[PDB]
Amino acid sequence: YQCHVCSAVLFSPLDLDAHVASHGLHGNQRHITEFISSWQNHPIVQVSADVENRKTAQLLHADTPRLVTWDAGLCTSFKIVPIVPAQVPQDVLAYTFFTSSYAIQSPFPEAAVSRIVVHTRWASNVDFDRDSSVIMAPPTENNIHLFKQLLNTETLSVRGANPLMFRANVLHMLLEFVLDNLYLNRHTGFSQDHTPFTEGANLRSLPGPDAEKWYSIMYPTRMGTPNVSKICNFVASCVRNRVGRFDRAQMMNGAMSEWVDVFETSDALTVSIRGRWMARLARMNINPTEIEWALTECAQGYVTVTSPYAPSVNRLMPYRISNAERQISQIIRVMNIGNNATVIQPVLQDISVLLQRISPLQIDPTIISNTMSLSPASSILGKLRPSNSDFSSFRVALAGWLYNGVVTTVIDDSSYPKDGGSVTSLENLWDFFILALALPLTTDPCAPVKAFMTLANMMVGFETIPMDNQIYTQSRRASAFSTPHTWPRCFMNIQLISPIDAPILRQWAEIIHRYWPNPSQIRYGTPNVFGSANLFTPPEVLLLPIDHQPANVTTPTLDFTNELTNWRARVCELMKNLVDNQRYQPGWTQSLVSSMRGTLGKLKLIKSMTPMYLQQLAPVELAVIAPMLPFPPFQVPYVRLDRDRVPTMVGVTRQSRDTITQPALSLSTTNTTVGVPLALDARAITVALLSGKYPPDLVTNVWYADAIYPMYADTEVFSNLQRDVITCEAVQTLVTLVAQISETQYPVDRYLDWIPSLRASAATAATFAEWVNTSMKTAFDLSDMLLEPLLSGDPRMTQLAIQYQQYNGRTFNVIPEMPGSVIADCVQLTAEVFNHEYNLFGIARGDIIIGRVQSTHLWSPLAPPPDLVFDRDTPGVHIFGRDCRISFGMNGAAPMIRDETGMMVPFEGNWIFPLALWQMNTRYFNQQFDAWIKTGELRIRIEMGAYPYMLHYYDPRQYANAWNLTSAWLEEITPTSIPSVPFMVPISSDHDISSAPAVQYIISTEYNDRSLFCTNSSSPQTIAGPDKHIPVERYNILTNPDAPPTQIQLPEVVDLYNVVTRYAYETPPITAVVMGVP
Amino acid sequence: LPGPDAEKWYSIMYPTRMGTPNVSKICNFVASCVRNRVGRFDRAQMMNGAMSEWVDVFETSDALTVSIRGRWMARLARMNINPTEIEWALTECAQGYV
Amino acid sequence: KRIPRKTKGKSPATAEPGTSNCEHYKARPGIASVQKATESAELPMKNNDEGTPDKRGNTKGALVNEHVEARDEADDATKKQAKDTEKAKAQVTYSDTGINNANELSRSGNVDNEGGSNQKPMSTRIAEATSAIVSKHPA
Ligand SMILES: [Zn+2]
């Protein structure tokens, strides 16, 4: 067998059918990427790293999130639960079809009282549980556990919540609510219907064994109007033709559509969240042609990639992002580094080994011995020690070019001559040769001055140079010049060194100024589809500390046009001039001029090929490797000798630009150099740079094709792009969310402030951000890292930015313009809806009035009439502040409390506390006020703003008394928590009843009876108690005839019957056919 | 405070933190103090993720010992030297040989 | 089709004349060695988390000084470098270089988010500061 699209060899017909799906052909899922070369038989597939028992398949060690996940159940997130059940006699009990009895199935609970609750994903099949659920029990249970999970570790009670953390808990709850509905609606099949009420209407069928149990919940219109009741006349009011399927795509797939619009039970909030998520994902769509272009361009032209496919529109490959998100991810990783060398070591080591494995260069020190054959020759042989074969220092010096801004590589301290050195010593002369040859390959910006001052130290007693001050001396160690502020004026201005006094030293200085290698820059990667994470350089540029030229192997070894070869020749010439006249070497009794000259000539004319390599083939390998790295290159510019542009500090900023706060310098600024310093071996660098060669039969096209194929077959660029998406999104949402519970210059709309809270400090904001971070990681199935560096000290940030500075005070500041974020948009939307539908999440606004009210009236204490409520406008009201002090009576007088105006008042009338007063003096105020509240004439309006509640229904035809609950609540209040407020609601009945007294003490101060759905749903009408017909405002497209099928009044009231759009996509793996180039 | 029994210090240090439910003399005193002068109210956070370098805190103290320790800290701060000055001094003493 | 989770949360066709599998060519760069090097270089970065709080609000990491933390991380990196190179002494050292770097700080678990030392963790401080002012029943 074989596939004529990609030319792969298969074995079974089912194998071919499963294989063509990766190209887009149908027929009649474990792989991430699938490559194949054209010059050999060796495919390379790539499978996830967590799976077991892989049969010779490479791994994807990235930490890619789970973006695309499907949902096949209902789209709703608000369920209706009956509270007080009830059976009622009926007139029509079932239907008849010639012999058959079909039971009457009602879309809503047939109970005496039923109200809406919030169980996220109560009816939904999912292929990946995101596992961040906001599950709410009915109000008759206790839901206090939803508001005491974030900043309640210490707690004076187990069933109490701290009222100073209500806003933080509600914000986290809304974040989880949004973060749980991030699924993707699915396209399960349909089925016709010929019921007399839903005739010829395609109905959607959930997956699973049963399918007709959900047809009564999905479609409230299907039930007829058999009986005379509230459900019956509601269904009578509703219109018919809005049911089932609305329309379907024109592109079919077999006999099945691509998308479809269906009327069914849902909510506008979840449908809007999922629609925005769908738009966000579709905005990231990529194209196999563009992947082809990107890979064939990143390969530098040694290999051409091609990826064929068939015409399809339902293909989804979310991989496209903007440069701002890449830059923000880069800033987060730079903060992660945090002066910890343990997170820099593996990167440089592994890049070193990768270069060593894909490079053509071979390093054998036998060339030096063959060219060589106190004996200066033997001296330099013993000082280079060619028998050693560890050249990790060379490869790491090359790999450090990509990471100029984080790690700076300097020559070791042990390489410099002992005790400063002297030119009268052969050993010190050879030390200088090795050091001077090794210096130009490091990223230390003071390398030229170290090179100069080495010889300057060695020349003491023979040559002098002008000094800058009276403190330092010419014999200052060359390794102590580690900063730009140290460069000698004589070295900068070259004409100060007098040629009649320091001849050799001025020669060395002129050689440094003229022949030091010149920086350059090469362009890498595909900035059109992979973006670019370059912060201080343009989008497609790779800076290099050496010049680079086009490649060819047929170029002469001795080529003094090459910078490094020219440098070796010049250094050898100067050491020759130093040794020529023996002016600097007294004490040498025998003349070693001939030996020194011969050895220096051999060193200069050695047939090394490392200069050729570094000039031609090293930059192309760096550019071929760069776009595939996990931590992309972070570079700061290379300034050859211009001192006023030497970068000396790199910081990171969190606060906005128009604000003054604590100066909180990042930890990256404490480095003496620009980055973390690592030392290198000058001897090893010199040996590797002095003895190298190619294989005798290198064909560069074949070599780089065979070396590029197996390492693009294990690329994780696409996973990294998705993770950068998620990182930028998390940063934006964390800023937008932490700006709500503190004081920050990032103003976003402040939708909820009636929920009380405190002005969170650094520690509280940090723990809150930790909960946010952990929730997002749990939702997207990440485990490595996301937002952790931001949590290290004062997370109350406004925006990220990174900047370095030059020596002369100039600073360059970069600020990625962060785009919109779908998660933060959805969170703000859900908060804006919470502002109106707070009751459904088990919360009430306003405050409660504690006062004895005995009567036989049935008025539902969550909807108080105007008589029982008082406020500041109410005359004869006493407002109390923190200075409330009780003084007992004497000899029959009455106790008195301290008013806010200053007067004393007895325990009578209407009062107004803050909740803080009681929460402070609970154990005292309770014992002082209990009897007066119970049997006296005392009434208090504790003002709270927001509070969770709990309902206690009773029979309105028997005695009741709420004191045993009220006093329990008042006892259980504590300085750190508060239990849910207990209410005492009567039960409504469709028949007349007797009336018995009822003594209740707690009532609200405004309408909180909004979660109530319907009462006596299966009867014709309610006669006593709270009355509530079915809310037609939520069933708008059904009840309202002249309403467009997509209209939603989402901010005010959320609808429970909408138009959902179901999808059915295919997400193929990354396919490529790597061809070779002649 | 660092110590074995630290619960007994949050009421000794901060008089105006308790509640005033009473007409007793201590409550009459606490009901006259201002409310914002408790705990820390100023700090110098030079470095991110490091110790604040000094703080100003309202707390139960003693003006005499505060003045004495202020004098002592001023005396010690007049003696302070930094690594650059020490480096220049040692270099000039060594006369370039170090 | 249920996908597991990686972490834990809240819980007459004749043979046509072209095909063959004889394996005539072998790559000179070495496909296995290149794949091994790519596997080593593909790994994500270590997570440097000490200094950040956990759920209860207590910082993570040891209680050692900042600068000594940086020094210990440096010479541990040196030891790991030697182990990777398979020698006795690392040739590319991160510690004891020629650069004077006595001001370098490395994030540790000694300092909280406010800017104070945590010799007594945040939860303990909160618990005792709250317990200092509770009250009981009269009798
Ligand atoms: Zn194929």
# chains A, B, ... in the order shown; residues from 1 in each chain; ligands from 1
>>> closest_atom_pairs(of="chain A", to="chain C", cutoff="7 Å", atoms="only C-alpha atoms", output="tab-separated table")
residue	atom	partner	partner_atom	distance
A:40	CA	C:25	CA	6.5
A:41	CA	C:23	CA	6.6
A:61	CA	C:43	CA	5.9
A:62	CA	C:44	CA	6.4
A:127	CA	C:2	CA	4.6
A:128	CA	C:3	CA	5.4
A:131	CA	C:9	CA	6.0
A:132	CA	C:10	CA	6.6
A:153	CA	C:56	CA	6.3
A:154	CA	C:127	CA	5.8
A:336	CA	C:48	CA	6.1
A:338	CA	C:106	CA	6.3
A:339	CA	C:106	CA	5.3
A:340	CA	C:73	CA	6.0
A:341	CA	C:74	CA	5.4
A:342	CA	C:77	CA	5.0
A:343	CA	C:46	CA	5.6
A:345	CA	C:77	CA	6.3
A:347	CA	C:41	CA	6.9
A:350	CA	C:41	CA	4.9
A:351	CA	C:41	CA	6.0
A:353	CA	C:37	CA	6.5
A:354	CA	C:37	CA	5.2
A:357	CA	C:34	CA	6.3
A:358	CA	C:29	CA	6.6
A:393	CA	C:92	CA	6.1
A:412	CA	C:97	CA	6.2
A:413	CA	C:98	CA	4.6
A:479	CA	C:98	CA	6.5
A:482	CA	C:99	CA	6.7
A:630	CA	C:44	CA	6.1
A:667	CA	C:105	CA	6.3
A:670	CA	C:104	CA	4.9
A:671	CA	C:104	CA	5.4
A:672	CA	C:101	CA	5.6
A:677	CA	C:94	CA	6.7
A:678	CA	C:94	CA	4.6
A:679	CA	C:93	CA	5.4
A:680	CA	C:92	CA	5.3
A:681	CA	C:91	CA	6.8
A:703	CA	C:29	CA	6.7
A:706	CA	C:27	CA	6.1
A:707	CA	C:29	CA	5.6
A:710	CA	C:31	CA	5.9
A:711	CA	C:38	CA	6.0
A:762	CA	C:114	CA	5.5
A:763	CA	C:113	CA	5.2
A:767	CA	C:57	CA	5.3
A:770	CA	C:55	CA	6.8
A:771	CA	C:55	CA	6.6
A:778	CA	C:9	CA	5.4
A:781	CA	C:6	CA	6.3
A:784	CA	C:47	CA	6.6
A:785	CA	C:47	CA	6.2
A:788	CA	C:49	CA	6.3
A:791	CA	C:52	CA	5.5
A:792	CA	C:52	CA	5.1
A:793	CA	C:113	CA	4.3
A:794	CA	C:113	CA	6.1
A:923	CA	C:137	CA	6.3
>>> residues_around(residues="segment 26-37 of chain B", least_positions_apart="4", cutoff="7 Å", atoms="only C-alpha atoms", output="ChimeraX atom specification")
/A:883 /B:16,20,22,58
>>> write_last_selection(atoms="N, CA, C and O atoms", output="PDB file, in the first residue's frame")
ATOM      1  N   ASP A 883     -17.971  54.574  68.305  1.00  0.00           N
ATOM      2  CA  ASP A 883     -18.028  54.968  69.713  1.00  0.00           C
ATOM      3  C   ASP A 883     -19.457  54.790  70.207  1.00  0.00           C
ATOM      4  O   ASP A 883     -20.220  55.743  70.381  1.00  0.00           O
TER       5      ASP A 883
ATOM      6  N   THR B  16      -5.382  51.462  71.009  1.00  0.00           N
ATOM      7  CA  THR B  16      -6.572  51.917  70.309  1.00  0.00           C
ATOM      8  C   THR B  16      -7.159  50.869  69.376  1.00  0.00           C
ATOM      9  O   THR B  16      -7.980  51.219  68.526  1.00  0.00           O
ATOM     10  N   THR B  20     -14.745  49.508  72.349  1.00  0.00           N
ATOM     11  CA  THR B  20     -15.193  50.339  73.465  1.00  0.00           C
ATOM     12  C   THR B  20     -16.686  50.128  73.662  1.00  0.00           C
ATOM     13  O   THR B  20     -17.499  50.981  73.274  1.00  0.00           O
ATOM     14  N   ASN B  22     -18.144  49.975  76.604  1.00  0.00           N
ATOM     15  CA  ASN B  22     -18.372  50.235  78.011  1.00  0.00           C
ATOM     16  C   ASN B  22     -18.201  51.722  78.297  1.00  0.00           C
ATOM     17  O   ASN B  22     -17.648  52.475  77.493  1.00  0.00           O
ATOM     18  N   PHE B  58       3.601  53.031  64.502  1.00  0.00           N
ATOM     19  CA  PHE B  58       3.023  53.430  65.773  1.00  0.00           C
ATOM     20  C   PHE B  58       2.929  52.202  66.664  1.00  0.00           C
ATOM     21  O   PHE B  58       2.445  51.154  66.229  1.00  0.00           O
TER      22      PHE B  58
END
>>> residues_near_ligand(ligand="ligand 1", cutoff="8 Å", atoms="only C-alpha atoms and all ligand atoms", output="PyMOL selection string")
chain A and resi 2-8+16+19-20+22-23
>>> atom_distance(atom1="atom CA of residue 562 of chain A", atom2="atom CA of residue 372 of chain A")
24.0 Å
>>> select_by_dssp(residues="segment 545-670 of chain A", states="helix (DSSP H, G or I)", output="MDAnalysis selection string")
chainID A and resid 563:580 593:604 610:628 643:645 667:670
>>> write_last_selection(atoms="C-alpha atoms", output="short mmCIF file (atom, residue, chain, number, x, y, z; two decimals), in the first residue's frame")
data_model
loop_
_atom_site.label_atom_id
_atom_site.label_comp_id
_atom_site.auth_asym_id
_atom_site.auth_seq_id
_atom_site.Cartn_x
_atom_site.Cartn_y
_atom_site.Cartn_z
CA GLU A 563 38.67 38.77 10.84
CA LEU A 564 39.80 35.95 13.14
CA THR A 565 42.68 34.87 10.90
CA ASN A 566 43.74 38.52 10.67
CA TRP A 567 43.57 38.78 14.46
CA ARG A 568 45.79 35.73 14.92
CA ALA A 569 48.30 37.09 12.40
CA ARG A 570 48.39 40.51 14.06
CA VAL A 571 48.84 39.09 17.56
CA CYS A 572 51.68 36.88 16.35
CA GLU A 573 53.30 39.85 14.61
CA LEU A 574 53.20 41.94 17.76
CA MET A 575 54.67 39.20 19.93
CA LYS A 576 57.39 38.83 17.32
CA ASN A 577 58.16 42.56 17.51
CA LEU A 578 58.23 42.22 21.30
CA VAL A 579 60.78 39.38 21.18
CA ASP A 580 62.90 40.72 18.29
CA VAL A 593 65.08 34.96 19.06
CA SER A 594 65.26 32.33 16.32
CA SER A 595 63.28 29.77 18.33
CA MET A 596 60.60 32.28 19.32
CA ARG A 597 60.30 33.56 15.75
CA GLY A 598 60.01 30.07 14.29
CA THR A 599 57.34 29.06 16.78
CA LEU A 600 55.34 32.25 16.27
CA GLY A 601 55.54 31.73 12.52
CA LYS A 602 54.20 28.20 12.91
CA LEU A 603 51.37 29.45 15.14
CA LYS A 604 50.45 32.14 12.63
CA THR A 610 37.80 27.17 12.88
CA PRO A 611 37.99 30.79 11.63
CA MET A 612 36.42 29.73 8.33
CA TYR A 613 33.78 27.82 10.28
CA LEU A 614 32.92 30.66 12.67
CA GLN A 615 32.72 33.08 9.76
CA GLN A 616 30.58 31.03 7.40
CA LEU A 617 28.72 28.07 8.91
CA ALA A 618 28.26 28.96 12.58
CA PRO A 619 25.77 31.81 11.99
CA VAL A 620 23.65 29.69 9.66
CA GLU A 621 23.45 26.95 12.30
CA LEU A 622 22.50 29.47 14.98
CA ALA A 623 19.78 30.84 12.70
CA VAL A 624 18.54 27.33 11.91
CA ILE A 625 18.35 26.49 15.62
CA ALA A 626 16.98 29.79 16.97
CA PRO A 627 13.26 29.64 16.00
CA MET A 628 12.93 26.15 17.54
CA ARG A 643 31.95 53.12 25.56
CA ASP A 644 28.92 55.39 25.93
CA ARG A 645 26.65 52.63 24.54
CA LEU A 667 16.55 41.23 41.01
CA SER A 668 18.24 41.27 37.60
CA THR A 669 19.71 44.72 38.32
CA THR A 670 21.96 43.54 41.17
#
>>> interface_residues(of="chain A", to="chain B", cutoff="9 Å", atoms="only C-alpha atoms", output="ChimeraX atom specification")
/A:470-477,662-667,792-794,882-888,917,920-921,924-925
>>> interface_residues(of="chain B", to="chain C", cutoff="12 Å", atoms="only C-alpha atoms", output="VMD selection string")
chain B and resid 1 to 15 17 to 19 40 42 to 55 83
